[PDB]
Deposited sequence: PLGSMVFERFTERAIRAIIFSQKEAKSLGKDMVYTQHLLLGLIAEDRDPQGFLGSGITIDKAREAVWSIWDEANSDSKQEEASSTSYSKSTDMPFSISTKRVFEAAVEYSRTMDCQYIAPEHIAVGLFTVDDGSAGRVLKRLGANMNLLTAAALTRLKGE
């Protein structure tokens, strides 16, 4: 995407990002926080074995998210202050993740930022939101990070 901020992001990565916006909107949100990004990544991944081969699926992930943030008290950490769904802004935590993804990709001497780089970012530099969802799903976040790194090897 030439001389865009997302120029080096792959087609898959961009799709996951757009999906994060859609997922957030479905939940009645006006900004994409990191749990939403997690949803976008899950929605995007076409692995037949589920997200990062984990058996996680989007419907289950969506239930978890709704439950955690919407069925009881709201999250004090997510009150940061759009005419179509792809104009929905990203939270400071989410932006941090994207920056981490870029950094990791550069460190690895990769030409692109893939969803896997975003996942590594998500699972290393976020506000704890992704972890809460994974915990609810019974998943091990560090194993998922490893799986993402494994994918990037080919």
Where the deposited sequence has no C-alpha coordinates (positions from 1, in order):
1, 83-86, 160
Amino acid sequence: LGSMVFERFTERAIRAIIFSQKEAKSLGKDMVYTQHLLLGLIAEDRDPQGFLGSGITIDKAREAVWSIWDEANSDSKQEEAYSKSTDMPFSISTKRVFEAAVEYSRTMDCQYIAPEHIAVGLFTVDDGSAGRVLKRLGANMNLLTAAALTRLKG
From here on, numbers count along this sequence of modelled residues.
Per the PDB record, is the mean Cα temperature factor higher over 117-125 or over 63-71?
63-71
Do the C-alpha atoms of 101-109 or of 51-59 have the higher average B factor in the entry?
51-59
Assigned third (lowest, middle, highest) for the C-alpha B factor of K135:
highest
Would you mind checking where the Cα B-factor of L1 ranks among the modelled residues of its chain, as the lowest, middle or highest third?
highest
